[PDB]
Every structure is written in structure tokens, then in C-alpha cells.
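Asker: Next up is a structure, given as C-alpha cells.
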Amino acid sequence: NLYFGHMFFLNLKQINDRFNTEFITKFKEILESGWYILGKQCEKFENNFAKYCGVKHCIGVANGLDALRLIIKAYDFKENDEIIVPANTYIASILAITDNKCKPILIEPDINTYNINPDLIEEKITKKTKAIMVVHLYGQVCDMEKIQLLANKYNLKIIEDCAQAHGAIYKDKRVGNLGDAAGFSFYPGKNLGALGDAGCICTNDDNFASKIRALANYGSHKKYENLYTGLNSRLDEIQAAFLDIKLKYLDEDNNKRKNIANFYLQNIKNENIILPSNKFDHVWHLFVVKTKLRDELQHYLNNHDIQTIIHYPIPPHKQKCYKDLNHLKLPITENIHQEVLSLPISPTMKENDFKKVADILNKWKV
Amino acid sequence: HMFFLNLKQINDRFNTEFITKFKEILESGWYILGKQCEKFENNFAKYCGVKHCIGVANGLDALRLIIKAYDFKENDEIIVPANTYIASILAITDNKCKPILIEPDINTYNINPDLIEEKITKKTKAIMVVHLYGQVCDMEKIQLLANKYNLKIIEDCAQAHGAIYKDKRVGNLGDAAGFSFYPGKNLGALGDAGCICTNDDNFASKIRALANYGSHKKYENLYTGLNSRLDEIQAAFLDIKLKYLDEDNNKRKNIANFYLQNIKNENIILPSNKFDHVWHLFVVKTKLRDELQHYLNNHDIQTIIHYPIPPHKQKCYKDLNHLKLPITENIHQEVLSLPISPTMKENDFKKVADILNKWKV
Ligand SMILES: Cc1ncc(COP(=O)(O)O)c(/C=N/[C@@H]2[C@@H](O)[C@@H](OP(=O)(O)OP(=O)(O)OC[C@H]3O[C@@H](n4cc(C)c(=O)[nH]c4=O)C[C@@H]3O)O[C@H](C)[C@H]2O)c1O
Ligand SMILES: Cc1ncc(COP(=O)(O)O)c(/C=N/[C@@H]2[C@@H](O)[C@@H](OP(=O)(O)OP(=O)(O)OC[C@H]3O[C@@H](n4cc(C)c(=O)[nH]c4=O)C[C@@H]3O)O[C@H](C)[C@H]2O)c1O
Ligand SMILES: [Cl-]
Ligand code: NA
């Protein structure tokens with residue numbers, strides 16, 4: 001104990017320490033190969049992640065923002081084409097739209113799911129709408145049925161932002177296989193997290209998959225040639241290998257998260273706290289509580305040596321980078337942003353720690 | 001087979017240190033924007049003689065972010081060499097700027113500075129200089145024009161790590177500079193990697209934000225940015241290798257000298273080094289280029305072309321395909337690169353020179 005009592009929001013050392021021997025073995029394998037980019041590890045991980053999601057194709061890319069940006073670029077929509085998207089998602093969802101010179105059309109979530117309210121989408125469809133981007137926020141899959149029907153009615157693409165929901169299931173399909181194309185983040189904090197920036201795109205469409213590979217490789221499908229004006233967005237061999245190791249435990253890990261979320265849901269009882277009771281399958285990337293006393297709560301937990309993070313306190317429309325959206329009246333989204341706080345959760349989290357989080361919350365008088 | 005660029009041989013020198021640092025990073029529990037990135041950035045900045053180094057995700061991203069940060073208007077013009085790698089041009093068009101393509105000097109393979117001014121217009125906002133194949137571009141006139149015309153100078157340093165011009169390094173010859181650390185570059189990562197260098201405090205801070213979703217501070221986005229970061233692991237691997245970069249570049253100098261002193265074949269035009277050349281690519285030029293590549297291949301010598309189709313002739317740039325750039329076009333029809341690397345063995349480079357001398361067409 002001679003190397004150098006605070007409960008960290010997400011202890012990645014502890015999550016990853018289980019795999020250190022394997023990571024090192026695979027690193028040395030890569031060194032032996034002399035190949036660090038677009039190699040056998042990327043191919044292997046792609047194949048395995050496609051199988052996991054139930055899709056035909058997976059393309060490793062540099063991060064989850066790029067994965068969304070690439071999808072939208074591949075569709076080659078006109079300037080100011082409209083993409084419907086939840087108002088309360090992480091900003092990178094919206095950045096991917098505006099970077100492609102599309103107009104985001106911000107929809108309120110359901111207060112009881114934190115995910116886009118499907119019943120509010122149709123009224124905002126216009127002749128410029130080209131896609132709906134669903135986000136499975138915090139880990140909970142969106143109620144996809146009406147959204148799929150609407151996409152079909154209006155000949156819209158469905159783009160899934162799966163950054164927070166790796167392996168969740170709606171009816172008979174995995175997230176990643178509920179629309180036309182899907183972006184994932186494997187940022188280290190995610191349920192399946194790399195040791196660096198990393199992402200993917202999933203799809204069943206052969207042409208789309210091919211076009212994405214070229215677009216993510218300078219626009220080059222063949223050495224020396226550039227069919228498209230592309231970008232550089234690749235998944236390193238090293239990261240692909242690390243992800244493949246962890247992917248073998250991802251269902252087991254997510255079910256362990258479910259066990260801890262269900263402990264919180266059943267054991268936390270405080271009139272000042274609204275618990276995130278799930279309406280659909282939830283893999284609990286984030287365990288988000290809601291209170292009118294949010295900053296007080298975070299200070300209270302900190303005083304009791306529990307670290308928390310807010311996801312999120314400023315919604316995209318109120319950010320300085322989007323002053324042209326600051327006017328929008330989105331009171332549900334705004335309320336959420338004032339009131340949410342995330343509690344520590346992870347698949348390797350200690351019983352004494354989750355028991356403390358619950359007990360400390362129960363004791364909170366505000 | 002003799003490989004064009006044997007990266008296993010180059011990187012095997014550092015395996016024990018790479019493994020140590022990887023394990024240190026595991027011990028840290030921090031993989032993004034941590035101590036390794038800071039350390040490498042600080043050392044690379046010192047290496048280039050600049051105030052600020054921002055690790056980013058790759059070379060293309062480096063150039064894209066520099067241009068994004070300047071907030072140019074759609075169709076603003078950026079003067080750039082026509083014969084550079086296509087990613088220099090992709091950075092420009094990604095920002096909805098217009099690449100104004102200038103012929104190189106056949107004696108440097110770099111932008112001909114005497115051909116820049118005639119192409120400057122009210123829309124010109126920048127010159128992108130590229131230090132192609134390892135050789136620094138002649139900046140004197142470029143600096144004068146930038147001053148006269150209120151242009152930014154952006155350096156694409158992806159092929160010329162460490163090259164020197166007068167009292168300065170590439171990276172410190174303009175307003176801001178992009179670097180690739182793709183594994184094949186003179187300083188190569190074990191993955192995709194890049195940086196931006198600059199002396200301007202405000203610009204540097206803006207670039208940091210822009211490469212981090214546009215966020216300077218947790219929770220807040222000042223700008224509509226990208227996610228373009230240099231991983232801790234890659235920063236570590238680069239910082240190990242950086243200590244040997246000048247030495248590695250001198251090793252390439254030695255091989256290039258051997259080629260220059262020993263290849264004697266009337267069918268082959270050899271490269272010169274008017275200004276400092278770190279010899280990322282050793283580029284020969286012949287009317288029988290495909291023939292030569294095939295011949296070398298029959299002799300178990302792998303080569304690559306840099307490059308056979310110029311940016312303006314690419315299908316992605318249809319609207320440029322009509323542009324008449326005969327110097328650039330002729331170069332693309334005639335160049336081939338010979339194997340060169342800091343670790344390349346004597347017997348291997350002697351064979352390349354000998355087989356080239358035997359090419360009797
Ligand atoms: C819906 C949606 N769409 C697109 C995206 C874009 O994907 P991306 O481009 O891959 O980021 C996201 C990203 N989403 C996340 C976003 O939710 C937010 O996550 P966060 O929990 O606030 O992030 P964090 O604080 O950096 O890390 C969480 C915890 O993990 C610990 N940690 C972290 C790191 C990096 C480490 O090395 N060591 C650690 O111990 C520290 C913290 O306790 O910001 C991230 C940078 C984004 O990737 C998204 O949610
Ligand atoms: C002027 C300028 N500006 C911007 C850029 C953009 O930088 P980037 O976004 O960081 O790529 C470049 C990149 N420029 C290079 C470009 O010159 C070209 O380089 P190349 O020599 O044709 O590339 P390569 O064939 O992939 O590798 C060279 C040799 O190295 C071996 N190798 C390679 C890898 C990756 C490996 O893992 N193991 C190996 O053994 C195989 C080959 O024999 O293509 C690259 C993808 C670009 O990064 C440029 O030159
Ligand atoms: Cl022969
Ligand atoms: Na990367």
C-alpha cells in the first residue's frame with residue numbers, strides 16, 4: 001500500500017486492471033507485426049463488434065463525434081437540410097450536424113425517460129427534413145417503434161447516436177441496429193472504452209459501409225486515388241485490440257451495472273431526489289438523479305467524499321458556440337439541465353461503495 | 001524483400017521503453033489529455049523553438065484546425081503548392097476555402113516563391129507552404145509577400161520534422177504549423193497522431209479549445225469544435241523517439257549522400273538539397289518510372305510513388321481537373337521514392353544503388 005478515501009466518479013484503473021496482462025500481450029503482438037494502422041486488429045474488432053450489434057458492417061473510426069460527422073457527410077445532404085435531434089443530448093450530437101452545414105431541429109425529451117419524445121417529432125418535420133438522429137441517452141434505448149414508422153412515412157434516415165448505450169436492446173435488436181446507420185464512441189469512460197480516443201460506425205448497407213471507409217481514409221478507396229474529399233478518422237490497431245479484449249465481457253459488465261442501478265433504485269429514498277426509473281432497457285452508462293437542490297447535493301456528496309459529475313448543466317442551445325439557438329424555449333430540457341447529477345457506477349464498483357452512496361443520500365436533509 | 005520503410009526495424013530500438021511507458025500509463029489510469037501529452041508538447045515545442053505545441057489527432061486535422069481557427073469566409077483563398085500530398089488541399093476545402101494551386105520549382109520540389117504574387121487577390125487570406133519530402137521551403141520571399149499582403153503563413157511540416165532555415169526550425173517559420181506523426185513520418189507514432197505549433201498565446205488557447213469540442217472549460221463550449229486529441233500513449237511513444245530525432249534525420253542524410261555520390265544513371269534525375277533536407281522521401285525522377293518501379297520490384301526492392309496523381313486530377317476535385325499545371329503533372333508522371341530510413345542497413349542501400357546503376361534502358 002506504499003505507492004500513492006475519496007470515491008471517484010469512475011475508477012478506470014479498477015475497470016481496466018482486470019485486463020492488463022492481455023493489453024500488454026496484445027501490445028507486444030502489435031509491435032511484432034510492425035503494423036499500427038488499418039491492420040488485422042481493426043479487422044478483428046470490427047468483425048466482432050458488428051456481430052455483437054447484429055449488423056453486417058462495422059467501421060472503426062477515430063471517436064464518436066467523427067462517427068456521427070462521417071455518417072452525415074456520407075449522406076451528402078444539401079446545405080441547411082434539417083436533422084431532427086433531441087435537445088438534451090450531449091453537444092457532440094449537435095456539432096456533428098452543424099459541422100455538416102445542416103440545421104438541427106431540437107425536440108424536447110420525455111421527462112420520464114430523458115430521451116427524445118417521439119410524439120413531438122412529426123409536427124417539426126418539413127420539406128427540408130432528411131434525418132432523425134436518436135440518442136440513447138445515459139444508456140437507455142429510445143422507444144424506437146414510432147420513430148421507425150415516421151422515418152418510413154417521410155423517407156427519412158435514422159441515425160443512432162449510440163455513444164452511451166453499448167449493448168442495450170429494444171425488442172429484438174441491439175442499439176446500432178435500430179436505424180440506417182449508427183455511431184459509437186469508445187471514449188475511455190464509456191461502457192466499452194478504449195485507452196485513447198476511438199469510435200465506430202455500424203450499418204447493414206454495403207454501399208454506405210464502403211463509402212464510410214473511404215471518407216474516413218482521406219476519401220481514398222484505392223492507394224493513390226481520392227474518390228471523395230474525406231477526412232482522417234481511423235481506429236488505431238492498439239485501441240482495436242484493447243476493445244476486442246473488453247468486448248468479450250461487455251454483456252456481463254452491463255448486467256453488473258444493472259444490478260447496481262437496481263440497488264440504487266430500490267434503496268435510495270429521499271423526497272428531494274427523483275430516481276431514473278427506466279422505461280426501456282438501460283445499460284446505465286450514467287445513473288442520473290434529479291433534484292431542485294442540485295448544487296447543494298453535489299457539495300453534500302463531496303463533503304462526504306463522493307465525487308460526482310453533471311451530465312449536463314448547460315444544454316446545447318444555451319452554449320456560447322450556438323448563440324443563434326439561445327432564444328429557443330425548451331423548458332423541459334432546461335429544467336433537466338438545472339436538476340441532474342450523476343452518481344458513481346461501474347461494473348467493478350465495490351459493494352461498500354454503492355452501499356455508502358445510498359446510505360449517504362438517504363441521510364441527506366436539504 | 002527489402003521494404004520501402006521497415007517500421008518494425010525503426011521501432012524495435014525502443015521496445016523496452018515503449019512497454020515501460022505503456023505500463024506507467026496503465027498505472028496512471030489516465031489516457032486522454034494527461035501528463036504524457038503535456039510533457040511531449042513541451043519537449044516538441046522546445047525542439048521546434050516555439051512557445052506552444054498542441055497535440056492533435058493527425059496531420060490533416062492539424063491543418064484543418066489551424067484554418068478553422070482563423071475564421072475565414074467561404075471561398076476565401078489559400079495559396080498552396082500544386083504538387084503537395086492531397087491532405088494539404090483537403091484541409092483547405094474542408095474549411096470551404098479555395099485552394100490556389102502554384103507550380104513548384106523543379107530544383108526543390110517546393111512551391112516556387114516567384115509564382116505566388118501573380119495569384120494573390122482580394123480574397124487571398126493565407127499561404128500554405130509545404131516542406132515537401134523533407135526539404136525546407138525557401139521562405140524569404142514568402143514572408144515578404146505575407147507581410148505585404150496581410151496574409152497568414154501556415155506551414156505543413158508533415159514531411160520535414162526538424163529541418164532548419166536560417167536560425168529557425170520548420171514549425172517556427174510562419175504564423176502556425178501543422179505536423180503529422182503518422183507512423184511513417186520522420187518522427188512517427190504507433191497510431192495516428194499530429195500537432196500544431198505556434199507562438200501566439202491566444203491562437204494556441206483557441207486551438208486547444210477547438211480540438212476539444214470547442215471547450216476551454218468543462219461543461220462549456222465557446223466554439224463549434226472537433227475532437228482531435230493526441231492520446232497519452234502516443235505522446236509517450238513520441239517523446240521517447242524525439243530524443244533521437246536529429247540523430248535519425250542525420251542517418252537519413254548519410255543514406256541520401258550515399259545515393260547521391262553513387263547512383264550514376266543517365267535515365268535517373270537525382271534530388272538535390274538546396275536548403276536543409278531531412279530526407280523523409282528520397283525522390284528520383286525518370287521518363288520510365290513505371291518500368292523502374294517494376295524492375296526494382298523484380299529485384300526485391302519495394303518502392304512507393306509520392307505521388308502519381310496530383311490533387312487537381314483526382315476524382316474528388318473534378319472542378320480542378322482542367323487546370324494546366326504541367327510542371328506538377330510531369331513530376332507526378334516521373335517520380336519514384338527509394339527506400340530510406342534511419343535504421344536502413346548498409347548492405348541494403350548499397351544494393352539499391354548497385355541495382356539502379358545496372359538499370360540499362
Ligand atoms: C451522446 C454522445 N454522443 C457523442 C459523443 C462524442 O463521442 P467522443 O467524440 O468519443 O467523445 C459523446 C461523448 N460523451 C462524453 C461526455 O458525456 C462527457 O463525459 P464525462 O463523463 O463528462 O467525461 P470525463 O469527465 O472526461 O470522464 C468521465 C470519468 O472517467 C474518468 N476518466 C476519464 C478519462 C478520459 C481517463 O483517461 N481516465 C479517467 O479516469 C474521469 C471521470 O470520472 O465528456 C466526454 C469527453 C465525452 O466523451 C456522447 O455522450
Ligand atoms: C505533406 C503532408 N501533409 C499532410 C499529411 C496528413 O497527415 P496525416 O493526416 O497524419 O496522415 C501528410 C501525410 N502523408 C502520408 C502520405 O505521404 C502517404 O504516405 P505513404 O508513404 O504512401 O504511406 P504508407 O504507405 O501508409 O506507409 C509508408 C510505409 O510504411 C509502412 N508502414 C506503414 C504503417 C502505417 C504501419 O503501421 N506499418 C508500416 O510498416 C508501409 C509503407 O511501406 O500516405 C499516408 C497515409 C499519409 O500519412 C503529408 O505528407
Ligand atoms: Cl533485370
Ligand atoms: Na486517435
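Identifiers in the C-alpha cells: chain A, B, ... in order shown; residue index from 1 per chain; ligand index from 1 in order shown.
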Which residues come within 7 Å of residue A:185, counting only C-alpha atoms, excluding same-chain residues fewer than 3 positions away, as a count of residues only?

Answerer: 6

Asker: Show me, as a ChimeraX atom specification, the residues that have an atom within 9 Å of residue B:30 when counting only C-alpha atoms, minus same-chain residues fewer than 5 positions from it.

Answerer: /A:12-13,188,195 /B:25,35,232

Asker: Distance cut-off 9 Å, counting only C-alpha atoms - which residues of chain A neighbour chain B? Return them as an NGL selection string.

Answerer: :A and (11-14 or 16-17 or 20 or 24 or 27-28 or 31-37 or 62-66 or 91-92 or 95-96 or 98-99 or 188 or 194-197 or 218-219 or 224-238 or 310-314 or 316 or 319-322)

Asker: For ligand 1, which residue among B:34, B:332, B:97, B:236 is the nearest when counting only C-alpha atoms and all ligand atoms?

Answerer: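 Among B:34, B:332, B:97, B:236, it is B:34 that comes nearest to ligand 1.
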
Asker: Which parts of stretch 40-240 of chain A does DSSP call strand (DSSP E or B) when run on the backbone here, written out as an MDAnalysis selection string?

Answerer: chainID A and resid 57:61 82:86 103:107 109 116 129:135 140 157:161 169:170 173:174 181:185 199:203 217 222 225 232

Asker: Using only C-alpha atoms, determine which residues lie at most 10 Å from stretch 138-150 of chain A, disregarding the query and same-chain residues fewer than 6 positions distant; provide the list as a ChimeraX atom specification.

Answerer: /A:89,113-119,121-122,125,132,156-158,160,162-171,174-175,178-180,190-191,254,276,278-288,311,342

Asker: Output the selection as a compact mmCIF listing (two decimals), in the first residue's frame - N, CA and C atoms for each residue.

Answerer:
# COMPACT_ATOMS: atom_id res chain seq x y z
N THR A 89 -29.39 16.14 -25.44
CA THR A 89 -28.23 15.26 -25.63
C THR A 89 -26.95 16.04 -25.38
N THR A 113 -38.06 9.72 -19.43
CA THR A 113 -37.01 8.88 -19.99
C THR A 113 -35.70 9.60 -20.21
N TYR A 114 -35.72 10.93 -20.25
CA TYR A 114 -34.61 11.74 -20.74
C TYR A 114 -34.25 11.51 -22.19
N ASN A 115 -35.09 10.78 -22.92
CA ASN A 115 -34.83 10.55 -24.35
C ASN A 115 -35.87 11.29 -25.19
N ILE A 116 -35.57 11.50 -26.46
CA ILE A 116 -36.44 12.33 -27.33
C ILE A 116 -37.89 11.83 -27.20
N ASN A 117 -38.88 12.73 -27.11
CA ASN A 117 -40.28 12.28 -27.05
C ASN A 117 -40.72 12.06 -28.50
N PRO A 118 -40.97 10.79 -28.88
CA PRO A 118 -41.36 10.54 -30.26
C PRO A 118 -42.62 11.24 -30.70
N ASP A 119 -43.51 11.54 -29.75
CA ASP A 119 -44.77 12.16 -30.09
C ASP A 119 -44.60 13.63 -30.49
N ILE A 121 -42.07 14.72 -32.56
CA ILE A 121 -41.22 14.80 -33.77
C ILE A 121 -42.03 15.21 -35.02
N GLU A 122 -43.13 14.52 -35.31
CA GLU A 122 -43.82 14.77 -36.57
C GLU A 122 -44.18 16.22 -36.88
N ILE A 125 -41.40 18.03 -38.66
CA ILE A 125 -40.99 17.65 -39.99
C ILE A 125 -41.38 18.70 -41.04
N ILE A 132 -33.62 11.82 -38.83
CA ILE A 132 -33.77 11.87 -37.37
C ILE A 132 -32.56 11.23 -36.70
N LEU A 156 -37.15 9.41 -44.30
CA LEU A 156 -36.04 9.97 -43.55
C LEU A 156 -35.05 8.86 -43.19
N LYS A 157 -33.79 9.25 -43.06
CA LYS A 157 -32.77 8.36 -42.49
C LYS A 157 -32.90 8.44 -40.96
N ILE A 158 -32.68 7.31 -40.31
CA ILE A 158 -32.48 7.31 -38.86
C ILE A 158 -31.00 7.05 -38.58
N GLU A 160 -28.48 6.67 -35.44
CA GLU A 160 -28.43 6.43 -33.99
C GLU A 160 -27.13 6.93 -33.43
N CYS A 162 -25.19 6.11 -30.46
CA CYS A 162 -25.05 5.03 -29.51
C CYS A 162 -23.93 5.17 -28.49
N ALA A 163 -23.35 6.37 -28.39
CA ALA A 163 -22.23 6.63 -27.56
C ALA A 163 -22.41 6.25 -26.11
N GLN A 164 -23.64 6.24 -25.62
CA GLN A 164 -23.84 5.97 -24.20
C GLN A 164 -24.55 4.66 -23.93
N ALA A 165 -24.85 3.86 -24.95
CA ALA A 165 -25.79 2.76 -24.77
C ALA A 165 -25.30 1.39 -25.29
N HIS A 166 -23.98 1.19 -25.37
CA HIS A 166 -23.40 -0.06 -25.92
C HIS A 166 -24.12 -1.30 -25.42
N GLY A 167 -24.69 -2.11 -26.30
CA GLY A 167 -25.40 -3.33 -26.00
C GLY A 167 -26.84 -3.29 -25.49
N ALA A 168 -27.42 -2.11 -25.31
CA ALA A 168 -28.85 -2.06 -24.95
C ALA A 168 -29.67 -2.71 -26.07
N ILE A 169 -30.88 -3.14 -25.73
CA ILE A 169 -31.74 -3.95 -26.62
C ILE A 169 -33.14 -3.34 -26.61
N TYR A 170 -33.66 -3.03 -27.78
CA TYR A 170 -35.07 -2.69 -27.99
C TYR A 170 -35.73 -3.82 -28.74
N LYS A 171 -36.69 -4.44 -28.09
CA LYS A 171 -37.40 -5.62 -28.60
C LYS A 171 -36.41 -6.68 -29.01
N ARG A 174 -30.27 -5.00 -31.05
CA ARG A 174 -29.35 -4.16 -30.34
C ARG A 174 -29.34 -2.72 -30.81
N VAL A 175 -29.10 -1.76 -29.90
CA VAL A 175 -28.67 -0.44 -30.33
C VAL A 175 -27.53 -0.58 -31.33
N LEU A 178 -30.91 -0.30 -35.06
CA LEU A 178 -32.31 0.18 -34.97
C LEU A 178 -32.63 1.30 -35.95
N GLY A 179 -31.71 1.60 -36.85
CA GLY A 179 -31.87 2.69 -37.83
C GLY A 179 -31.12 2.35 -39.08
N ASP A 180 -30.70 3.37 -39.81
CA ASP A 180 -29.99 3.21 -41.05
C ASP A 180 -28.47 3.11 -40.83
N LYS A 190 -16.72 5.20 -21.53
CA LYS A 190 -17.93 4.56 -21.99
C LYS A 190 -18.00 3.11 -21.52
N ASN A 191 -19.15 2.50 -21.72
CA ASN A 191 -19.35 1.16 -21.21
C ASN A 191 -18.36 0.19 -21.86
N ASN A 254 -22.38 -5.10 -18.38
CA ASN A 254 -23.57 -4.27 -18.40
C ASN A 254 -24.61 -4.82 -17.41
N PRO A 276 -33.87 7.72 -11.59
CA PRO A 276 -34.05 7.47 -13.03
C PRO A 276 -34.72 6.09 -13.32
N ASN A 278 -36.26 3.45 -15.26
CA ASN A 278 -36.18 3.21 -16.68
C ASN A 278 -37.49 2.69 -17.27
N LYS A 279 -37.84 3.18 -18.47
CA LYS A 279 -38.99 2.69 -19.21
C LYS A 279 -38.65 1.62 -20.23
N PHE A 280 -37.41 1.59 -20.66
CA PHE A 280 -36.93 0.62 -21.62
C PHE A 280 -35.60 0.07 -21.13
N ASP A 281 -34.98 -0.84 -21.87
CA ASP A 281 -33.72 -1.43 -21.47
C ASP A 281 -32.71 -0.33 -21.28
N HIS A 282 -31.90 -0.49 -20.26
CA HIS A 282 -30.93 0.54 -19.81
C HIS A 282 -29.63 -0.16 -19.40
N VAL A 283 -28.53 0.26 -20.02
CA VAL A 283 -27.23 -0.28 -19.64
C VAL A 283 -26.42 0.63 -18.68
N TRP A 284 -27.02 1.76 -18.27
CA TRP A 284 -26.59 2.54 -17.13
C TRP A 284 -25.13 2.94 -17.29
N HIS A 285 -24.79 3.45 -18.48
CA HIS A 285 -23.59 4.30 -18.59
C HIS A 285 -23.54 5.40 -17.50
N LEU A 286 -24.68 6.09 -17.37
CA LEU A 286 -24.84 7.10 -16.34
C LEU A 286 -26.10 6.84 -15.49
N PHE A 287 -25.93 6.98 -14.17
CA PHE A 287 -27.04 6.89 -13.23
C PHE A 287 -27.36 8.31 -12.74
N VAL A 288 -28.41 8.86 -13.35
CA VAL A 288 -28.73 10.29 -13.24
C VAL A 288 -29.93 10.52 -12.30
N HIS A 311 -24.21 15.59 -15.94
CA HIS A 311 -24.42 15.31 -17.35
C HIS A 311 -25.86 15.72 -17.65
N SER A 342 -25.00 12.97 -11.66
CA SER A 342 -24.75 11.55 -11.92
C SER A 342 -24.03 10.93 -10.75

Asker: Could you tell me how far atom 29 (C, counted along the ligand's line) of ligand 1 lies from atom CA of residue A:9, in Å and to one decimal?

Answerer: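 Value for the atom 29 (C, counted along the ligand's line) of ligand 1-atom CA of residue A:9 distance: 6.2 Å.
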
Asker: Using only C-alpha atoms, which protein or nucleic acid residues come within 8 Å of residue B:259? Drop anything in the same chain fewer than 4 positions from it, and give the result as a PyMOL selection string.

Answerer: chain B and resi 255+263+349+353

Asker: Using Å and a single decimal, report how far atom CA of residue A:186 sits from atom CA of residue B:196.

Answerer: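 Atom CA of residue A:186 lies at a distance of 24.7 Å from atom CA of residue B:196.
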
Asker: List the neighbours of residue B:340 out to 7 Å using only C-alpha atoms; skip same-chain residues closer than 5 positions along the sequence, and give me the result as a list in words.

Answerer: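 Once the adjacent positions are removed, what remains is residues 5, 252, 255 and 282 of chain B.
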
Asker: Quick one: residues within 12 Å of ligand 3, with only C-alpha atoms and all ligand atoms, as an MDAnalysis selection string?

Answerer: chainID B and resid 291:300 355:361

Asker: How about saving the chosen residues, C-alpha atoms kept, as an mmCIF file, in the first residue's frame?

Answerer:
data_model
loop_
_atom_site.group_PDB
_atom_site.id
_atom_site.type_symbol
_atom_site.label_atom_id
_atom_site.label_comp_id
_atom_site.auth_asym_id
_atom_site.auth_seq_id
_atom_site.Cartn_x
_atom_site.Cartn_y
_atom_site.Cartn_z
ATOM 1 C CA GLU B 291 9.367 0.493 -65.757
ATOM 2 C CA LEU B 292 11.773 1.374 -62.965
ATOM 3 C CA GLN B 293 9.364 0.518 -60.189
ATOM 4 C CA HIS B 294 8.704 -2.905 -61.794
ATOM 5 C CA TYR B 295 12.398 -3.539 -62.314
ATOM 6 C CA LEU B 296 13.151 -2.687 -58.687
ATOM 7 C CA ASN B 297 10.311 -4.960 -57.623
ATOM 8 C CA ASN B 298 11.824 -7.816 -59.688
ATOM 9 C CA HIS B 299 14.973 -7.225 -57.631
ATOM 10 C CA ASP B 300 13.066 -7.466 -54.345
ATOM 11 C CA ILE B 355 20.782 -2.228 -58.978
ATOM 12 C CA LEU B 356 19.927 1.301 -60.085
ATOM 13 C CA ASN B 357 23.338 1.615 -61.757
ATOM 14 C CA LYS B 358 22.586 -1.658 -63.551
ATOM 15 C CA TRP B 359 19.237 -0.423 -64.939
ATOM 16 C CA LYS B 360 20.097 -0.236 -68.598
ATOM 17 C CA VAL B 361 17.320 1.318 -70.619
#

Asker: Run DSSP on the backbone of this structure and report the residues of stretch 113-297 of chain A it assigns to alpha helix (DSSP H), as a count of residues only.

Answerer: 53

Asker: Report as a PyMOL selection string all protein, DNA and RNA residues lying within 8 Å of residue A:130, evaluated on only C-alpha atoms, omitting residues in the same chain fewer than 5 positions from it.

Answerer: chain A and resi 77+81-83+155-157

Asker: Which residues, written as a PyMOL selection string, have at least one atom at most 9 Å from residue B:4, with only C-alpha atoms counted and residues fewer than 4 positions away on the same chain left out?

Answerer: chain B and resi 301-304+337-341

Asker: Kindly export the residues of the current selection with C-alpha atoms, as a PDB file, in the first residue's frame.

Answerer:
ATOM      1  CA  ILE B 301      13.213  -3.703 -53.709  1.00  0.00           C
ATOM      2  CA  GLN B 302       9.874  -2.256 -52.655  1.00  0.00           C
ATOM      3  CA  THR B 303       9.096   1.342 -53.601  1.00  0.00           C
ATOM      4  CA  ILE B 304       6.172   3.752 -53.345  1.00  0.00           C
ATOM      5  CA  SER B 337      10.774   7.053 -53.947  1.00  0.00           C
ATOM      6  CA  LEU B 338      13.750   4.892 -52.909  1.00  0.00           C
ATOM      7  CA  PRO B 339      13.885   3.114 -49.579  1.00  0.00           C
ATOM      8  CA  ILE B 340      15.390   5.288 -46.833  1.00  0.00           C
ATOM      9  CA  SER B 341      15.161   5.143 -43.069  1.00  0.00           C
TER      10      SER B 341
END

Asker: Which residue is closest to ligand 2? Choose from B:105, B:290, B:247, B:156 and count only C-alpha atoms and all ligand atoms.

Answerer: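 Between B:105, B:290, B:247, B:156, the residue approaching ligand 2 most closely is B:156.
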